[PDB]
Amino acid sequence: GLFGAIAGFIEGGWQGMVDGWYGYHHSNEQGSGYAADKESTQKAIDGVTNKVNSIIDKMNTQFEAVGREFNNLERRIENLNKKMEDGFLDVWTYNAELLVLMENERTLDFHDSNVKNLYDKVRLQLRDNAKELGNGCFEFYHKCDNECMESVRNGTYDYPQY
Amino acid sequence: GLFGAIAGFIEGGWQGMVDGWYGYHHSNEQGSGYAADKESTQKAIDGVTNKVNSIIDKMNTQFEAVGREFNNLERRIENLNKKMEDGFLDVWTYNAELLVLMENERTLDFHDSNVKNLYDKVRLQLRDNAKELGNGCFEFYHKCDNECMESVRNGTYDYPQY
Amino acid sequence: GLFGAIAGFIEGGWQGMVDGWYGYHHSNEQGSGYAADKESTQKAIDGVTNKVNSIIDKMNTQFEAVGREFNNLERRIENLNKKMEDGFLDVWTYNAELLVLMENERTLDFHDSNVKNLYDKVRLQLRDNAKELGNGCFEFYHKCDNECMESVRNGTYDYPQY
Amino acid sequence: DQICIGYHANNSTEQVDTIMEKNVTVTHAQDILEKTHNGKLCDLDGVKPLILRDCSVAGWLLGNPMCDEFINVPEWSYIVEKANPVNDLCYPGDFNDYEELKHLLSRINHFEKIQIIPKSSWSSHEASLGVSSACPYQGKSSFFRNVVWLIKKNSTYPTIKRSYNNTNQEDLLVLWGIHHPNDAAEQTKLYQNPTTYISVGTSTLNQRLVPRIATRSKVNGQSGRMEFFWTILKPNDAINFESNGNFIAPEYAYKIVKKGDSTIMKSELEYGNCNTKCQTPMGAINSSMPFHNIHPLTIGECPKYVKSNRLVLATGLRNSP
Amino acid sequence: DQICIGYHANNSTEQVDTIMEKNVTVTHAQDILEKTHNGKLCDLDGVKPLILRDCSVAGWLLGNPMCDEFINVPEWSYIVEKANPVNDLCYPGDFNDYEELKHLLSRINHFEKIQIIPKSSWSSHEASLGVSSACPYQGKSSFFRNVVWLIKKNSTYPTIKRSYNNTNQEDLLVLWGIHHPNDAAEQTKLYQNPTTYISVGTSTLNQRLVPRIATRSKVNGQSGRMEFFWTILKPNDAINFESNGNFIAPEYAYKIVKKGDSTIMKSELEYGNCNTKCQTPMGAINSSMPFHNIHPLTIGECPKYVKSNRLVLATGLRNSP
Amino acid sequence: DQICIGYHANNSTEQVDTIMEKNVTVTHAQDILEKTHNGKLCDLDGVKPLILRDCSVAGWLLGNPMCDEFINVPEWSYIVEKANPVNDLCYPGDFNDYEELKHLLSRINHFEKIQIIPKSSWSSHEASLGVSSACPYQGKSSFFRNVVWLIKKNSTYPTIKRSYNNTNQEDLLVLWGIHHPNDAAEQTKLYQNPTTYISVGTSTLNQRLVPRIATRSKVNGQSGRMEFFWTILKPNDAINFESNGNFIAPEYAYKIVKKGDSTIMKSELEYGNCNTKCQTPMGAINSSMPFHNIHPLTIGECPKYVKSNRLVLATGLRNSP
Ligand SMILES: CC(=O)N[C@H]1[C@H]([C@H](O)[C@H](O)CO)O[C@@](OC[C@H]2O[C@@H](O)[C@H](O)[C@@H](O)[C@H]2O)(C(=O)O)C[C@@H]1O
Ligand SMILES: CC(=O)N[C@H]1[C@H]([C@H](O)[C@H](O)CO)O[C@@](OC[C@H]2O[C@@H](O)[C@H](O)[C@@H](O)[C@H]2O)(C(=O)O)C[C@@H]1O
Ligand SMILES: CC(=O)N[C@H]1[C@H]([C@H](O)[C@H](O)CO)O[C@@](OC[C@H]2O[C@@H](O)[C@H](O)[C@@H](O)[C@H]2O)(C(=O)O)C[C@@H]1O
Ligand SMILES: *[C@@H]1O[C@H](CO)[C@@H](O)[C@H](O)[C@H]1NC(C)=O
Ligand SMILES: *[C@@H]1O[C@H](CO)[C@@H](O)[C@H](O)[C@H]1NC(C)=O
Ligand SMILES: *[C@@H]1O[C@H](CO)[C@@H](O)[C@H](O)[C@H]1NC(C)=O
Ligand SMILES: *[C@@H]1O[C@H](CO)[C@@H](O)[C@H](O)[C@H]1NC(C)=O
Ligand SMILES: *[C@@H]1O[C@H](CO)[C@@H](O)[C@H](O)[C@H]1NC(C)=O
Ligand SMILES: *[C@@H]1O[C@H](CO)[C@@H](O)[C@H](O)[C@H]1NC(C)=O
Ligand SMILES: *[C@H]1O[C@H](CO)[C@@H](O)[C@H](O)[C@H]1NC(C)=O
Ligand SMILES: *[C@H]1O[C@H](CO)[C@@H](O)[C@H](O)[C@H]1NC(C)=O
Ligand SMILES: *[C@H]1O[C@H](CO)[C@@H](O)[C@H](O)[C@H]1NC(C)=O
């Protein structure tokens with residue numbers, strides 16, 4: 001993807017992270033586990049939801065075909081009528097397919113971007129207090145117990161303290 | 001935004017930076033202040049200006065309704081006429097609204113990207129001669145007087161010299 | 001570009017790299033040269049190729065004008081016919097031009113992104129075993145012979161070994 | 001000790017298309033195209049359609065004697081007519097401005113039949129021998145029940161001069177006709193007078209029809225023709241007839257009580273015993289999808305019609321293998 | 001010591017919509033939709049429109065005596081007609097191919113009236129008693145000023161044979177008519193001859209009209225009808241009349257001097273004393289916006305019409321709170 | 001020692017447009033708009049078009065004697081007619097429902113001419129003096145070869161009663177006509193009977209034409225007019241004529257052997273000796289481009305028409321200077 005995170009430097013997703021789109025996994029002497037980042041998840045939910053409603057709504061006004069009948073010596077206007085009705089169907093079919101293709105691409109990239117930005121958010125806190133492993137993970141120089149881990153997810157990671 | 005800078009790791013904008021879209025703020029013993037980055041600003045102005053003119057121009061050729069009258073036993077073609085004229089209005093209304101939505105989204109991201117790229121440009125000069133604070137700012141290891149600050153904005157920051 | 005690599009921190013392209021869209025250039029005591037990154041190149045070729053075929057295919061169904069003739073006292077429906085046929089041409093002309101503009105912009109950014117991601121891929125391997133020069137290049141702390149260089153392009157660069 | 005940033009995966013096999021890549025598996029998606037219908041014709045919001053069955057709009061309105069089912073139809077939601085109904089004009093001919101009338105019906109939900117010129121009131125003419133073998137009823141020769149085919153009485157077709165004033169409030173659809181006979185001998189045989197006409201006038205109408213002799217192929221056993229005409233008589237307006245012969249006089253005309261959204265839908269299907277908010281010629285639709293691909297000609301509160309086989313939006317993200 | 005990278009903010013409350021987010025405050029924006037008009041009908045580039053006021057195109061062209069204001073109109077930019085003008089056909093009837101003629105006018109900016117058959121020149125017929133109470137002028141019975149309603153003289157309507165050669169350069173709009181009377185008694189009373197006709201011929205035209213008797217509701221005090229016809233006589237072509245009675249002969253026809261962009265605009269509004277480059281039926285437009293939402297039917301150098309309430313493009317960036 | 005990441009550059013000067021920037025040089029690009037044609041009219045998939053040259057569809061079908069080239073045309077792929085063919089109706093007049101017939105031809109690839117009423121078989125009338133100076137052939141007066149202009153014999157035009165049964169399988173296009181003379185003297189001079197008619201009947205047709213006298217400008221030396229009519233006689237159906245005079249009787253009618261995709265293309269160009277899969281009125285097209293900008297009215301397997309001057313997609317990347 002455009003932002004390099006999803007199926008990029010972060011090789012694959014987590015079947016084990018069940019309660020959000022993006023989050024953290026920690027490993028220390030007390031154990032390990034997954035925690036969803038609520039803020040970035042909810043941001044994603046609001047965006048995609050607005051997108052779908054925007055898409056549905058924009059297609060609200062759109063051509064409706066009406067039955068019109070013509071006799072045997074009104075073939076020209078009958079044919080005009082047919083070409084007209086068909087032409088608008090083709091225009092709106094095209095609009096709908098193209099919009100879905102384009103926005104689907106944008107939706108996948110939006111997620112990629114949200115992941116890259118959460119990764120950077122964490123990177124910019126930890127600075128030189130952790131090794132950047134290259135795979136989504138940071139390996140700490142100090143021990144980082146659950147309270148420590150929580151401060152990274154907080155936004156509160158006290159860099160001078162370590 | 002997709003690029004993480006605007007309203008992201010850079011929390012908010014600067015009421016005090018008045019003469020450009022993007023730039024720098026410095027703090028040292030001689031004082032402090034704002035300086036617009038002319039190059040990236042002008043690039044943005046050219047892009048957005050071309051976008052608006054592209055948008056206006058593409059809508060140049062577009063359906064124009066004409067008055068056509070029909071008698072009491074020409075209801076079918078009158079109705080055809082009406083559906084035709086309305087149908088094209090709906091198609092062009094849709095085009096215009098969708099274009100504006102889509103490009104507005106792209107315009108906001110363009111700016112975000114220009115900010116992220118100016119931040120990186122500075123980051124790649126300073127390398128390990130400054131601490132990356134996580135908020136848009138770099139805190140220097142050496143003292144950095146006004147001439148020093150100017151070389152960062154120059155593109156000239158002499159890394160070996162410090 | 002949105003991703004900052006092409007004509008950004010990487011100043012210009014390589015006339016000397018002939019067998020791919022993106023790749024590496026190395027310099028050491030044994031010599032120097034260019035090597036295309038096959039994976040990211042082929043990814044780009046598949047994407048752009050699918051784009052072009054998607055674009056061609058979506059325009060497959062599209063309005064076709066038919067000859068219709070009218071007599072001297074059928075001017076109203078003749079004019080309706082003309083406005084109808086012209087109107088659909090204008091709609092499809094607009095669709096085609098706008099799609100090409102929009103996707104061309106996306107294609108240029110796709111490439112930019114592929115470059116930025118290959119640069120990061122290498123950056124995340126080398127970590128602190130090389131200086132990030134700011135221009136696309138990494139200057140190594142250790143000597144890096146051809147086998148060494150190849151491991152960077154491999155994805156195999158053994159960081160602990162240096 | 002480490003902390004990692006990552007993303008959701010799941011067991012989903014839903015796929016979406018993008019410009020650069022087709023069939024991308026995603027964790028979540030949303031179909032927006034309705035592909036199914038119930039295959040039936042149904043009541044639209046509880047209000048039944050007029051299913052003309054084997055009759056046409058002409059058969060119905062003129063009162064083709066095989067279309068007695070529709071002799072007094074209640075309010076309808078839409079109308080259903082087959083592609084080629086067998087019970088059309090039983091006596092061959094034409095129906096003038098037929099399509100323009102059908103278009104008028106698309107804005108009508110209810111007719112109320114009323115008698116304007118009683119059959120009994122034709123004392124100077126024969127009004128009960130206006131029948132033919134082309135329009136049979138229960139084994140016997142009959143005719144379009146709404147118009148009266150008048151013929152000569154005691155070898156005399158005196159001039160007809162009739163007038164009806166639309167004193168009711170609702171626009172009135174008046175139907176009448178002309179008979180085109182085979183030869184000079186048939187003309188005098190039915191109407192006596194050799195050169196005849198029908199003149200019709202209203203506030204706006206200024207008609208004068210003359211019968212037309214020509215040798216014609218037989219159609220349903222007849223070489224003679226009927227040509228039917230109509231008008232909408234406004235309120236307080238009067239229709240005026242004058243004829244010499246060949247006149248198919250109105251008995252019943254239709255009162256236009258309810259004007260509104262309606263449609264003539266072409267379909268072979270019968271009634272489904274059924275209710276829907278959105279109907280198509282192939283079946284009814286019940287969904288919240290913004291789009292469907294069943295048929296372009298719908299009536300009711302419907303999704304928008306597109307020609308797609310598939311429209312699915314990504315909501316979630318690229319799912320891992 | 002530090003250096004920071006940042007972006008502009010300001011006091012702006014302008015907002016824009018995107019697909020994923022509505023009402024995003026931005027530092028700069030550009031409205032592209034014109035929403036206002038001046039509410040008036042105006043000169044288009046200094047050239048005044050023909051405001052028919054209470055007259056219709058038929059009233060104007062036939063010369064309804066209540067439409068003397070338009071007896072000789074200068075060049076116009078567009079035409080304005082009310083939805084239901086009161087001064088239409090003062091003597092009731094129809095105007096044949098009326099809409100096709102109105103369409104012809106949309107390509108015409110100037111007519112120049114000229115006399116082709118002088119009123120005085122009808123010496124074998126009465127040409128000055130062709131009036132009615134349905135077309136009054138200053139208390140007295142009058143008639144469409146451009147055509148002459150000829151009646152019998154000393155109880156004799158001899159055959160008319162007139163011909164006019166279009167020797168001028170400009171296409172000529174010729175109007176004429178037929179009178180449909182109430183009964184046989186009225187026919188002979190006005191024209192003597194009981195069975196009559198009007199034959200009209202040109203290079204292309206091959207017409208023969210016959211009057212049509214029928215009993216008709218009264219409209220503006222008359223049950224008789226006039227049916228008006230027209231043609232465009234090319235240059236060097238001749239129009240040929242022959243009649244027996246019931247002929248409404250041309251006196252004046254219109255020369256087509258200027259062909260160009262024009263339109264018949266339907267509006268109740270009067271003249272605004274006013275100038276614009278873009279006119280609509282609701283008012284004139286003055287803006288550089290590429291779009292507007294006033295009315296689809298415009299004339300002049302106009303923005304493109306869309307049905308939007310709002311079109312605003314982001315130029316600047318997301319503004320901070 | 002160092003390793004660098006970089007991208008391709010080359011000597012390309014191809015340029016593409018984007019929303020924000022025009023004329024961006026790229027390393028690779030793909031034109032998708034066909035701009036060239038061969039400037040010729042050609043066979044469509046080996047099947048030659050009917051090039052009517054200086055004849056119109058009317059001239060062709062009625063058999064204008066200057067259109068003998070097309071006396072028996074083989075199967076065609078499309079038809080080519082000039083904007084104003086000189087050999088149209090040589091004897092002036094009209095062709096009734098002409099455009100509706102031309103529309104019918106757009107679904108026809110082959111006619112097979114057959115004789116339905118032999119010229120010799122008119123023993124009670126003169127059938128070989130139905131000629132005029134307006135339709136000359138090799139210096140001598142001739143006439144539309146497919147219909148027979150019958151006149152009186154030994155000062156007697158007895159009633160005609162003819163019938164043709166369509167016993168062949170293929171729909172039949174039958175053409176006939178009426179002659180409108182100048183005055184009462186010409187009527188009796190050609191047809192004797194002063195008041196005449198032509199009655200035509202089929203399964204569906206119920207026609208009765210009467211000639212129409214009027215004084216008309218001369219056109220190709222004649223002030224008299226011919227008005228031509230047509231029908232499609234189904235299989236097993238019979239057409240029935242009856243006339244008094246003024247009848248232009250069918251001799252030949254056209255059998256509709258092949259129905260399919262066709263078109264009447266308006267062009268001044270002649271045959272190019274040539275083959276294509278896609279034809280336009282300006283020339284043929286041979287390309288794999290998905291789009292072209294030559295002309296909207298094409299026939300065959302064609303790219304989609306757009307009004308663009310240029311459509312070029314970026315494939316490669318921004319090329320360095
Ligand atoms: C009112 C009347 O005259 N009814 C007649 C009717 C008409 O005279 C006729 O339709 C006018 O064109 O004709 C009917 O007889 C015609 C009928 O005769 C049968 O013997 C034969 O089998 C049929 O093919 C047909 O010719 C009719 O039935 O229509 C009698 C009717 O009473
Ligand atoms: C030229 C001419 O004959 N003018 C008459 C006119 C016609 O005879 C008539 O319109 C043809 O249909 O009739 C006029 O009288 C009719 C008029 O008589 C009044 O007394 C009455 O109030 C009206 O309702 C109406 O019947 C006419 O005014 O049109 C007289 C005119 O001179
Ligand atoms: C069948 C027949 O009558 N042919 C005549 C024809 C018709 O009588 C006439 O066209 C009916 O309107 O007239 C022809 O003569 C008319 C012709 O006479 C010339 O002398 C003159 O130069 C011409 O302008 C024209 O008036 C004809 O040629 O059409 C003779 C033809 O035999
Ligand atoms: C995608 O999936 C569909 C349906 O399962 C399949 O028919 C189609 O060929 C696939 N398309 C591509 C481009 O692989
Ligand atoms: C019909 O009758 C009503 C009153 O019964 C009357 O007012 C109306 O004018 C009559 N019809 C006419 C005049 O055509
Ligand atoms: C956005 O602002 C408008 C106008 O001020 C308001 O009416 C509307 O409800 C807002 N829309 C949303 C989605 O909040
Ligand atoms: C009309 O007159 C001109 C010359 O005055 C003449 O050339 C023209 O032919 C005449 N009209 C005809 C022949 O219909
Ligand atoms: C781009 O190139 C074209 C063709 O060479 C030239 O005519 C045009 O002016 C250029 N457009 C711009 C915006 O510079
Ligand atoms: C024409 O002839 C065929 C048999 O030769 C016959 O079956 C058909 O009915 C005839 N035409 C009619 C009845 O109009
Ligand atoms: C987050 O976690 C830290 C350490 O567990 C705690 O002390 C602090 O109060 C929390 N802060 C926030 C903003 O949640
Ligand atoms: C920028 O600033 C430095 C230090 O102030 C100065 O010496 C140098 O000349 C400048 N270079 C450029 C490119 O402006
Ligand atoms: C890549 O190169 C290294 C060093 O040259 C080599 O030993 C190794 O086998 C290679 N690995 C891959 C995956 O190509």
Side-chain angles (χ1 to χ4, degrees), chain E residues 90-93 125-136 140-144 148-153 157 163-169 178-183 185-191 201-204 211 213-226 233-240 245-248, chain F residues 90-93 125-136 140-144 148-153 157 178-183 185-192 211 213-226 245-248:
Chain E
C90 53
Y91 199 100
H125 301 84
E126 183 55 62
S128 298
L129 309 181
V131 304
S132 164
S133 50
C135 304
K140 301 155 195 297
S141 299
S142 194
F143 200 67
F144 298 112
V148 180
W149 181 7
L150 300 169
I151 72 179
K152 71 181 195 179
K153 207 189 79 168
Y157 197 108
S163 184
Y164 174 80
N165 188 324
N166 192 20
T167 55
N168 18 225
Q169 258 54 270
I178 186 100
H179 174 244
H180 299 296
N182 284 282
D183 50 53
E186 197 173 74
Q187 176 61 34
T188 61
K189 178 176 169 278
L190 305 191
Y191 314 111
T202 68
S203 146
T204 64
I213 316 303
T215 310
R216 298 175 274 264
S217 312
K218 284 176 189 192
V219 178
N220 300 137
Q222 317 302 332
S223 285
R225 297 283 181 272
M226 294 281 184
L233 197 64
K234 298 315 303 287
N236 256 324
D237 195 32
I239 195 161
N240 296 307
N246 305 257
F247 181 46
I248 316 305
Chain F
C90 53
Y91 199 100
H125 301 84
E126 183 55 62
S128 298
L129 309 181
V131 304
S132 164
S133 50
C135 304
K140 301 155 195 297
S141 299
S142 194
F143 200 67
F144 298 112
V148 180
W149 181 7
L150 300 169
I151 72 179
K152 71 181 195 179
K153 207 189 79 168
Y157 197 108
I178 186 100
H179 174 244
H180 299 296
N182 284 282
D183 50 53
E186 197 173 74
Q187 176 61 34
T188 61
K189 178 176 169 278
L190 305 191
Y191 314 111
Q192 202 93 46
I213 316 303
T215 310
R216 298 175 274 264
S217 312
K218 284 176 189 192
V219 178
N220 300 137
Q222 317 302 332
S223 285
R225 297 283 181 272
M226 294 281 184
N246 305 257
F247 181 46
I248 316 305

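Note that ligands are numbered from 1 as they come in the structure, with each ligand's atoms numbered from 1 the same way. Residue numbering restarts at 1 for every chain, and letters A, B, ... go by the order of the sequence lines. Values below: every heavy atom of this structure, side chains too, minus hydrogens, waters and symmetry copies.
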- Query: Looking only at atom types and distance, does a side-chain atom of E:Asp237 sit under 3.5 Å from a main-chain N or O of E:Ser203, one as donor and one as acceptor?
  - Reply: yes
- Query: In terms of atom number and element, which parts of ligand 2 are under 4.0 angstrom from non-hydrogen atoms of E:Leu190?
  - Reply: 3 (O), 8 (O)
- Could an N or O of ligand 2 be found under 3.5 Å from any N or O of E:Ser141, whether backbone or side chain? no
- Task: Indicate whether atom 18 (O) of ligand 3 is within a distance of less than 4.0 angstrom of some protein heavy atom.
- Result: no
- Query: Looking only at atom types and distance, does a side-chain atom of E:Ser163 sit under 3.5 Å from a main-chain N or O of E:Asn240, one as donor and one as acceptor?
  - Reply: no
- For the residue pair E:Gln187 and E:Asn246, establish whether any side-chain heavy-atom pair is separated by less than 4.5 Å. yes
- Query: Does the protein place any heavy atom closer than 4.0 Å to atom 13 (C) of ligand 7?
  - Reply: no
- Message: Can you report which non-hydrogen protein atom sits closest to atom 26 (O) of ligand 2, along with the distance?
- Response: E:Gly221 O, 3.9 Å
- Below 3.5 angstrom, do we get any N/O pair linking E:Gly130 and ligand 2? no
- Note on the structure: Any heavy atom of F:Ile151 under 4.0 Å from ligand 3? The part involved is side chain
- Query: Of all heavy-atom pairs between E:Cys90 and E:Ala134, which one has the smallest distance, and what is that distance?
  - Reply: O-CB, 3.3 Å
- Note on the structure: Shortest non-hydrogen pair, E:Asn182 vs E:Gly224, comes out as ND2-N, 3.3 Å
- Item | Polar proximity ligand 3 side, F:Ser132 side, N/O cut 3.5 Å exclusive | yes
- Note on the structure: Ranked by distance from atom 5 (O) of ligand 7, the top protein heavy atom is E:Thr167 CG2, 4.2 Å
- Item | Distance filter under 4.0 Å to E:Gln222 heavy atoms, resulting ligand 2 atoms | 10 (O), 16 (C), 25 (C), 27 (C), 29 (O)
- In the protein, what heavy atom is nearest to atom 30 (C) of ligand 2, and what distance, to one decimal place, separates them? E:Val131 O, 4.6 Å
- Message: Within ligand 7, which atoms have a heavy atom of E:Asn236 less than 4.0 Å away?
- Response: 3 (C), 6 (C), 7 (O), 8 (C), 10 (C), 11 (N), 12 (C), 14 (O)
- Is the shortest heavy-atom distance from the side chain of E:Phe143 to the side chain of E:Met226 under 4.5 Å? yes
- Would you verify that at least one protein heavy atom lies under 4.0 Å from atom 13 (O) of ligand 2, or report that none does? no
- Item | Which residues share a ring-ring contact (aromatic ring centres under 6.0 Å, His included) with E:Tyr191, sequence neighbours left out | E:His179
- Query: Is there a protein heavy atom less than 4.0 Å away from atom 10 (O) of ligand 3?
  - Reply: yes
- Item | Protein non-hydrogen atom found under 4.0 Å from atom 5 (C) of ligand 2 | yes
- Query: Would you say the side-chain atoms of F:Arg225 pair up with the backbone N or O of F:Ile178, donor to acceptor, closer than 3.5 Å?
  - Reply: no
- Does the protein place any heavy atom closer than 4.0 Å to atom 24 (O) of ligand 3? yes
- Item | For E:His179, atoms of ligand 2 separated by under 4.0 Å from a heavy atom | 11 (C), 12 (O)
- Item | Minimum-distance pair of heavy atoms, taken over all atoms of E:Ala127 and E:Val148 | O-CG1, 3.6 Å
- Message: What I'd like to find out is whether the side chain of F:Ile213 reaches to under 4.5 Å of the side chain of F:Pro181, using heavy atoms alone.
- Response: yes
- Message: I need the atoms of ligand 3 closer than 4.0 Å to a non-hydrogen atom of F:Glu186, numbered in the order shown.
- Response: 9 (C), 11 (C), 12 (O)
- Item | Contact summary for F:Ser132 and F:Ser141, nearest pair of heavy atoms | O-CB, 3.4 Å
- Item | Atoms of ligand 2 close to E:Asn182 [distance to a heavy atom under 4.0 angstrom, numbered from 1] | 12 (O)
- Message: Measuring only between side-chain heavy atoms, which start at C-beta, is E:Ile248 closer than 4.5 Å to E:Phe144?
- Response: no
- Item | Any N or O of E:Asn165 closer than 3.5 Å to N or O of ligand 7 | yes
- Message: Quick check against the 3.5 Å criterion: does E:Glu126 have a side-chain atom that pairs as donor or acceptor with the backbone of E:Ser128?
- Response: yes
- Item | Heteroatom distance test (E:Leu129, ligand 2): nitrogen or oxygen, under 3.5 angstrom | no
- atom 21 (C) of ligand 3: protein heavy atom closer than 4.0 Å? no
- Task: State the atoms of ligand 2, each with its element, that fall below the 4.0 Å cut-off from a heavy-atom position in E:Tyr91.
- Result: 9 (C), 10 (O), 11 (C), 12 (O)
- Which heavy-atom pair separates E:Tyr157 from E:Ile151 by the least distance, and what is that distance? CD1-C, 3.9 Å
- Considering only the protein, which heavy-atom contact is closest to atom 7 (C) of ligand 3, and what is its distance? F:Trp149 CH2, 3.7 Å
